[PDB]
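Listed below, chain by chain, are the residues.
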Amino acid sequence: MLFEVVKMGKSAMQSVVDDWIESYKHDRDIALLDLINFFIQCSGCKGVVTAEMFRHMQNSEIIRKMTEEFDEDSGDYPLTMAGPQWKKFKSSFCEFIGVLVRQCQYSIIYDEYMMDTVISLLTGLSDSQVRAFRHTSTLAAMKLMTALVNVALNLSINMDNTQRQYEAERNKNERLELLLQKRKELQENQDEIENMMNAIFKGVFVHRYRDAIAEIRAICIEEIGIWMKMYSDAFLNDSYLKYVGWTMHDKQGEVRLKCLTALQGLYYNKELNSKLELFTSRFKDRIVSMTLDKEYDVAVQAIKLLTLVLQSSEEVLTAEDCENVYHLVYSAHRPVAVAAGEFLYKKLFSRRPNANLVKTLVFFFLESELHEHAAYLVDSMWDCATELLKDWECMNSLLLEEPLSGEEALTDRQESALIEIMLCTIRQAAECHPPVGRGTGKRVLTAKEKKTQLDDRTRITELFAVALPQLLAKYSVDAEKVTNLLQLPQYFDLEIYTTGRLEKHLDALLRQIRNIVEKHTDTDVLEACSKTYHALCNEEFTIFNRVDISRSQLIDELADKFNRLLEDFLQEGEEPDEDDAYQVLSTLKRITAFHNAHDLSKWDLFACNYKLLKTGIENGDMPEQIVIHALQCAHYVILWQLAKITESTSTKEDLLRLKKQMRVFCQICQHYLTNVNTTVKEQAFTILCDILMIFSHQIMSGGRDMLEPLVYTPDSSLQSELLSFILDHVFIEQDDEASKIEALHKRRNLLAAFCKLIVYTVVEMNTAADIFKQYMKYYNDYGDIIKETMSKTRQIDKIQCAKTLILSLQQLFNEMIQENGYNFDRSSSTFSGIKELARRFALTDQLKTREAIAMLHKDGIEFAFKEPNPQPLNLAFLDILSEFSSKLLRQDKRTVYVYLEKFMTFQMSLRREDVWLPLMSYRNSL
Amino acid sequence: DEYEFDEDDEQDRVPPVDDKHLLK
Amino acid sequence: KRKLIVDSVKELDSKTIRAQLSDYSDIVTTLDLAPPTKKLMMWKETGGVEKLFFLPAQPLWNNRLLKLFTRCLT
C-alpha cells in the first residue's frame, strides 16, 4: 500500500512516515518488510518480498527473484515514466526518504536495525544489472546520504555547544561531568552516522558516479555537490572534489552541467582555501575549455563559473584564459556572449571618470580583430556596463575636446572605433532591441523599458543636436566617420529641436550634410546623407519646412550643375576627358542617392538620365558607373511619378507619359542586359525585375483600376533574357571566404528576383524548370529559394508545377545523354542523382494531387517513347518516373498503365531480359 | 595526487553477508 | 524475451575514464562568430526567403516607393 500512497495518495509524507514508525514500534520486522517492498515497488517491480526471504534469503537472491517476478509490460519504470503523477511521485519518494531519516534521527536511526537493513537493500539494488532497480536505489541512496549528512552536521553543532557549556562550567562539578558524558555519547552517535555515510559513499557512490547510464551519474554528481555545500568542513575536500573534477570530462553534457553547478555553489561561498585552490589549479584549463563546450548551456555555466573564480582571486585565472573568455563576446549565441561580457566587465571595466574605461573599451575593440563593428560587443556588455555605454557625454567629449594635459590624443583609428561604439550604444538605447542574431527585435517593450528608452532618446537628441554638427565638421574628410555620424539623427526626437529651440544646431547640421555631399563621392556617404535628410523631412515635425527648404536648395544646385555638365558632356564634338566623366558621375551619384529617398520629380531629371543611357547604348564608351547610376535614377523617377499618379485629380496625361517612360526604360534595361560588363547587366536585371513586379497586373488589383493602362507584360524575349541572366550568373561552377559569401548573397538576391517573378505569375511557370533542376545541385547556395519557389508554384497550379518538375528531370536526362553516351549505367552518379532529385520532387496526396501526378506520369511516358530506336532511346527515364509511382494511386495507376501499355503494345512487356529492365521496373511499380 | 585517477571496479570482492552491510 | 531493461555493463571501465580525461576534443568546438562586418549583419536581416520574397531587388529607401513593390506582392 505504501507505494500507492507515495504515488498519488495525496497524503503528507510526514503522516506516512509516522504511520510506518508506529508499525515499526509494533513489529520491527513487519515494517522493515513493508519498507523493502516499498523500494521494490518504487522501481516498478510488481513482485513482493516474503518474510522468509527477508529472514534468510540474501539480498542478491531476493533481487534475482524480483527480476524474474517483475511482471513488467514494458521498459518504463516510475522514475523514467513521464507525466504529472510520476513527477509528483519522484518528489514524494525523495521527501519520504528525507522525512523518514528526520523522524528517526534521535533514536531509531541508532537502533542499528532499520538503518542497516535499508542501506544493505539499497546497496544490493544499486549493484543490480536491472536499470530500474539500480536507478531507483541510487537516487534513494543519495537522498538518504543527504539526510544523514544533515543529521551529522546537527550532531557536530550540538557537540560544539556541549563543549562550550563544559568550558563555561570549567571556568565556573556534577554538571560538567554530565556535559562530558553527553559529549561522549554525541561522539558515539557521530561515529554511527559516519559508518552509515561511509557505507553509502563507498558502496554506492564510487560505483554509480561512473555508471553507464548518464542519468545515474548526474544524480550522484548533483548530490555530492549538495553534500559539499551542506557540510563544508567535512565534505569540501579533495577526496570528494576529485569525483566532480573527473566527471567534468564526461562525454554527456547533462553530467557536465551537473558538475558545473555543483562547483558554482562552492565558488559562490568564497571559502577559497577550502581545497578550492588545489581544485582550481588542477582543473582551471578544463573549465576554460568548457567555455567552448559542444553544449551551449554548459558553456554559459562554465563562463559563469570562471567569473566566480575571478571574484574569488582574479589573478588565478591568468591573462591567456581571460582572453579566451573575451573572444566569446563576439559569439552568435547571446547567452555565451553576455556571460563573457559580464566576465569582461568584471575583469577590467568594473574597477575604475569613465574616460579611461571608454579608452580601454576602444583599445579592446581594436585589439580583437574578430569584429569590424561594436554592435555585438555592445550587446554583450549592455546589461553590465550600461552606465559606461550610456556615458555619451564623455565619449563625444573625447572625440571633440582633446587637450587634457598628459592625456595622449587618440589615434585616428581609435577615433573611428570610438564613433562606431558611440553609434552602437546610441542605437541600442534608442531602439531597445538587440542587433540581429542576438534578439528577435519584435518584443513588446516593458513600461519600465519604454520610459528608459524615452529618457535615453531625449538625452541623445539634446546632446547630439549640438554635438553632431561639430563632430561632422571635425571629420568631414573621413568617409567612414561621416557615415556613422550621419546615422545618428535617425535616433533623434525631432520635436526636441523645436521645443528646445535648437533650430540653429539643426541648421548647422543641415549645412554640414550638404557640405559633405558636395565633397564626397563615396556611395555610402551620399546614401547616409539622403537617409538623414529623409529622416529630417517629416511633415509631422515642425522642423520639416526648414529641412525641406535646405533639401530643395541642395537638389537645385546639384540639378543645375548636372544639367550644365550634361550639356557639355552630350555635345556633338566633345571628347570626354576623365575629369569630365568624373564630374558628371559625382553629380549623378548625389542626385541618384537623393532621388531614391526624395521626390525629385519637380526637377524633371528623366530627360538627363535617358539621354545619358541612350548615348551609352549608341557611342558605347560611356562609363559603366554612369550607366548604373543613370539606370537607378530613371527607375526612381518612374517610381515617384507612379506614386504621384494615383488620383484622377492628380493628372491623366501624365499617366500616358509615365507608361511611355517605363516601356522605354525597360527597353534600355534589356539592351544593357546584353552588356560586356557584368555589373551593368546586374543593375539592369535587378531594376528590371523590380519594375516588372511594380508594373505587373497587380498594379490595378486593389482598387487601382485607373492604373490598368500602366501594365507591362514581359515579352518572350524579355523572359528569355532574364532566365538567361539567371542561368549565366546565379548558377555557376561550384568550387577570400568572406568575399565568396558576399558574392553568394548577391547571386541569391538575383535568383530571388526572378523567382518572385515566377511565383507571382509575372513570367511563365515553365522557366522555373531550369531553376528546379538545380535544387539539389545548389541546395546550400540557393536551395531555400528554390524550395520556396517550388512550393509557391505548387500552390499556384499543382498540375503545371508537376509538368515543370518533369521538364526539369527530362532536362537532366538529355543533358546526361549529351555529356555521356547512351551507355550510361543506372549506378552512374549522374543518373542516380537524377533519380534522387525525382524522389525529392515526389515527396512534394488526395487533394487534387492525384490528378496532377497522373498528368506528370503521362508526360514521363511520352518523353520515354518520344525518341524511338533507330534500328526507345529514353527507356531509362522510366526509372525516374518510377520515383513518383508510389504517390500514384492504384485507381489512377490503371489509367496511366493503359497509356503505358499503348506505348509498348505487348511484345515489349514480354521482352525484358537486358536493357529493357527499366521498363519492367516501372511496369512493376505500376 | 588525490586528483590523479586510480579507481578500478568489476574486480571487487563480493560482501560476505549482503543482508548486514553495516556489520562494523 | 522480456522488455525489462537489463544493462550488462553497469560501469564505465577505468580505461574509458582515463580516455575521457586525456582527450576532450570531441566535447569542445570552435567559436560561432556573430556577423563581423556590417554587410554580413545586413544580409542576416535582409537575406532569407522570408524577407527576400517580400523586399525589392533594388533597395527603395523611402517607404512610399517600397509600398508599390509590396502592394503588388500577393
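All residue numbers are counted from 1 along each chain's written sequence and may depart from the entry's numbering; residues that have no coordinates are not represented. Each chain takes a letter, starting from A, and each ligand takes a number, starting from 1, following the order in which they are written. Values reported for side chains reflect all heavy atoms of the structure, with hydrogen atoms and water molecules removed beforehand. Residues with missing side-chain atoms are left out of burial classes, side-chain pairs and their counts.

Per the deposited record, the coordinates in this entry were obtained by X-ray crystallography to a resolution of 3.30 Å.

Named according to the PDB entry, chain C is 64-kDa C-terminal product originating from Mus musculus. Its official PDB title, as written in the record, is "Complex structure of ANKRD11/STAG2/RAD21".

Going by the annotation in the PDB entry, the name recorded for chain A is Cohesin subunit SA-2, with Mus musculus given as the source organism. UniProt positions are given in the numbering used here, feature names are shortened, and annotations may be inferred rather than shown by experiment. Chain A has a UniProt comment under Sequence similarities that states "Belongs to the SCC3 family."

Student: How should the overall build of chain A be read in this particular structure?
Tutor: Numbering of helices and strands runs from the N terminus, with a helix taken as a DSSP run of H or I at least four residues long and a strand as a DSSP run of E at least two residues long. Summing up its helical and strand segments, chain A has 44 helices and 0 strands in all. The C-alpha radius of gyration of chain A comes to 40 Å, more than 25% above the 29 Å expected for a compact globule of 926 residues. The dimensions of chain A, computed from C-alpha atoms along their principal axes, are 130 × 100 × 50 Å. When we talk radius of gyration, it's over C-alpha atoms, and the globule rule is simply 2.2 Å times the number of residues to the 0.38.

Student: Even after reading the chapter, I still don't get the overall build of chain C, so can you show me in this structure?
Tutor: Counting its secondary structure elements, chain C contains 4 helices and 0 strands. Listing the helices and strands of chain C from first to last along the sequence gives α-α-α-α. For a compact globule of 74 residues, the expected C-alpha radius of gyration is about 11 Å, and chain C comes in at 27 Å, more than 25% above that figure. Expressed along its principal axes, the backbone C-alpha trace of chain C runs to roughly 70 × 40 × 15 Å. Classification of the 74 residues of chain C by burial places 42% in the buried group. Per element, the accessible surface of chain C, about 4,200 Å² overall, is 59% carbon and sulfur. Of note, chain C has its 13 positive side-chain charges centred 13 Å away from the centre of its 8 negative side-chain charges. Burial here depends on accessible area, computed with a 1.4 Å probe over protein chains only, as a share of the maximum for the residue type. Under 20% is buried, over 50% is exposed, and the range in between is partly exposed. Residue-level accessible areas treat just the shown protein chains as cover; the underlying method is Shrake-Rupley with a 1.4 Å probe. For the purpose of counting charges, residues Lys and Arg are taken to be positive, whereas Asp and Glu are taken to be negative. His and the chain ends are not included. Think of each charge as sitting on NZ of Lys, CZ of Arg, CG of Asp or CD of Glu.

Student: What is the right way to read the interface of chain A and chain C from this model?
Tutor: Where interface size is given, it is often the accessible area lost as the parts come together that is meant. Listed as interface residues are 89 residues of chain A and, on the opposing side, 58 residues of chain C. Buried area is calculated as the accessible area (1.4 Å probe) missing from two parts once they are joined, with the contributions of both summed. Area buried by chain A at its contact with chain C is led by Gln129, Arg210 and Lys251 of chain A, which between them contribute 10% of it. We count a salt bridge whenever a side-chain nitrogen from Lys or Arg sits within 4 Å of a carboxyl oxygen from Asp or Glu. Put simply, chain A and chain C have 7 salt bridges between them. One salt bridge in this structure joins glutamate 11 of chain C and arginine 210 of chain A, with 3.2 Å as the shortest N-O distance. Whenever two N or O atoms come within 3.5 Å, that pair is a polar contact, provided that in protein one can donate a hydrogen and the other can accept it, and provided that, for residues adjacent in sequence, both atoms are side-chain atoms. Taken together, the links from chain A to chain C amount to 37 residue pairs in polar contact. The element contributing the most residues to the side of chain A that touches chain C is helix α35 (residues 737-759) of chain A, with 10 residues. A contact between two residues is defined here by any heavy atoms of the two lying within 4.5 Å.

Student: Looking at this structure, how should I read the layout of surface pockets?
Tutor: Leftover empty space is mapped by rolling, across the atoms, a probe with the size of a water molecule. Residues and elements named next belong to chain A. The computed volume of the second largest pocket comes to approximately 940 Å³. Mapped onto the lining of the second largest pocket, the elements with two or more residues apiece are α5 (59-68), α7 (114-126) and α9 (174-208). Counting residues per element, the lining of the second largest pocket draws most heavily on α9, at 7 residues. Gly falls in the polar group here, along with every residue not listed as nonpolar (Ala, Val, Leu, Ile, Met, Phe, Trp, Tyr, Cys, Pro) or charged (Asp, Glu, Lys, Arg). Its residues assigned to classes, the lining of the second largest pocket shows 7 nonpolar, 13 polar and 11 charged. Whether a set of points on the 1 Å grid over the protein atoms alone is a cavity depends on a 1.4 Å probe fitting there but being unable to get out, while an open set qualifies as a pocket with protein on both sides within 12 Å along at least five of seven lines; lining residues are those with an atom within 4 Å of a point. Grid points are joined across faces, edges and corners, and a volume is the space filled by probe spheres set on the points.

Student: Would you mind going over the UniProt feature "domain: SCD" in chain A with me for this structure?
Tutor: Under the local residue numbering, the UniProt record ascribes the feature "domain: SCD" to residues 205-290 of chain A. Taken end to end, residues 205-290 of chain A has its terminal C-alpha atoms 25 Å apart, with 77% of it in helix and 0% in strand.

Student: Is there a simple way to think about the packing of aromatic side chains in this case?
Tutor: What characterises a pair of aromatic rings is the spacing of the ring centres plus the angle enclosed by the ring planes. Only rings of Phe, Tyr and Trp enter the pairing, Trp through its six-membered ring, and a pair is recorded when the two centres are within 6.5 Å. The plane angle decides the type: under 30 degrees is stacked, over 60 is edge-to-face, the rest tilted. According to the stated counting rule, one finds 41 aromatic pairs over all chains in the structure shown. By the ring-pair criterion, three or more aromatic residues cluster together here, those being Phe201, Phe205, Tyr209, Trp227, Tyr231, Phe235, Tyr240, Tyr243 and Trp246 of chain A together with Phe5 of chain B. Looking at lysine 614 of chain A, its charged tip hangs above the ring of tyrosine 610 of chain A, at a distance of 5.8 Å from the centre. The side chain of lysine 902 of chain A reaches across the aromatic face of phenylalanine 903 of chain A, ending 3.2 Å from its centre. Two limits define a charge over a ring: the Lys NZ or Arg CZ must be within 6 Å of the ring centre, and within 35 degrees of the ring normal.

Student: For this particular structure, what's the right way to read the domain arrangement of chain A?
Tutor: Residue ranges labeled as domains rest on an automatic or database domain assignment. Splitting chain A by domain gives domain 1 (1-208) and domain 2 (797-925). The gap between the C-alpha centroids of domain 1 of chain A and domain 2 of chain A is 71 Å.

Student: Sorry if this is basic, but what is going on with the interface of chain A and chain B here?
Tutor: With 28 residues of chain A in contact, the opposing surface of chain B contributes 16 residues. Each partner contributes to the roughly 1,800 Å² buried at the junction of chain A and chain B, and carbon and sulfur atoms together form 48% of this total. When the area that chain A buries against chain B is broken down by residue, the three leading residues are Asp116, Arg210 and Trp246 of chain A, summing to 29%. Across the chain A-chain B interface, the total number found is 3 salt bridges. The interface formed by chain A and chain B contains 16 residue pairs in polar contact. For the side of chain A that touches chain B, the secondary structure elements donating two or more residues are α7, α9, α12 (238-247) and α14 (276-290) of chain A. At 6 residues, α12 of chain A tops the list of elements feeding residues into the side of chain A that touches chain B. Within the side of chain A that touches chain B, the residues separate by chemical class into 13 nonpolar, 9 polar and 6 charged.

Student: Sorry, what's going on with the environment of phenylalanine 754 of chain A here?
Tutor: Residues and elements named next belong to chain A. In this fold, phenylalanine 754 is placed in helix α35. Between the C-alpha atoms of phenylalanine 754 and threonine 767, which are 13 residues apart in sequence, the distance is 9.7 Å. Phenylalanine 754 has contacts with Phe685, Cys689, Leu722, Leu723, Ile726, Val763, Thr767 and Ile771, leaving out every residue within four places of it along the chain.

Student: Explain the nonpolar core to me, please; I cannot follow it from the model alone.
Tutor: The tendency in soluble globular proteins is for nonpolar side chains to be buried side by side. Residues and elements named next belong to chain A. In this text, buried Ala, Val, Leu, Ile, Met, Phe, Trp, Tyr and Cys residues form a nonpolar core when linked through side-chain atoms within 4.5 Å. With 350 residues, the main nonpolar core has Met422, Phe464 and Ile771 as its most contacted residues. Here this core gets 16 residues from one element, more than from any other, and that element is helix α8 (residues 131-171). Formed jointly, this core draws a minimum of three residues from each of two domains, domain 1 (1-208) and domain 2 (797-925).

Student: Honestly, a negative patch on the surface in this entry has me stumped. Any pointers?
Tutor: Patch definition: residues with relative accessible area over 30% and no salt bridge; like charges joined within 9 Å; nonpolar side chains (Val, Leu, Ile, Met, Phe, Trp, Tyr) joined within 5 Å. On the surface, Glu567, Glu572, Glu574, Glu575, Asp577, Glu578 and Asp579 of chain A cluster together into a patch of negative charge. Following the sequence through the fold, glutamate 572 of chain A ends up in the loop between α28 (544-569) and α29 (578-597).

Student: Mind showing me how you'd approach helix α33 (residues 678-694) of chain A here?
Tutor: For the α-helix, the turn length of 3.6 residues means that residues three or four positions removed from each other point alike. An expected span of 1.5 Å times one less than the residue number is assigned to each helix. With 17 residues, α33 of chain A extends 24 Å between its outermost C-alpha atoms, agreeing within 8% with the 24 Å of an ideal straight helix rising 1.5 Å per residue. By the criterion of burial, α33 of chain A is predominantly enclosed, with 15 of the 17 residues buried.

Student: Would you explain unusual backbone geometry in this entry?
Tutor: Most peptide bonds take the trans configuration, and most residues that are not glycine carry a negative phi. All names here are of chain A. With phi around 55°, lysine 10 is a residue other than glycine that occupies positive phi space. Counting through the fold element by element, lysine 10 comes out in the loop between α1 (2-8) and α2 (13-26). A residue is classified by how much of its surface remains accessible, and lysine 10, at 68% relative accessible area, is exposed. Residues other than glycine seldom take positive phi values, yet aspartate 71 does so here, at roughly 50°. Take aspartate 71: it is sitting in the loop between α5 and α6 (84-104).

Student: I would appreciate a short explanation of the packing of α28 of chain A against α29 of chain A in the present structure.
Tutor: To describe two helices that pack against each other, one gives the angle between their axes and the distance between the axes. All names here are of chain A. Here, axes are lines fitted to C-alpha atoms. For helices the fit covers the stretch in contact, and angles between N-to-C directions go from 0 to 180 degrees. Where α28 contacts α29, the axes come no closer than 9 Å and their chain directions differ by 145°. Both α28 and α29 take part in a crossing whose hand is left-handed. Residues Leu554, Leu558, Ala559, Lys561, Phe562, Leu565, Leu566, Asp568 and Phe569 of α28 lie in contact with α29, whose contacting residues are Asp580, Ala581, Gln583, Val584, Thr587, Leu588, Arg590, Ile591 and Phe594. Considered class by class, the residues forming the contact of α28 with α29 number 12 nonpolar, 2 polar and 4 charged. We call a crossing left-handed when the near helix sits turned anticlockwise from the far one by less than a right angle, and right-handed when that turn is clockwise.

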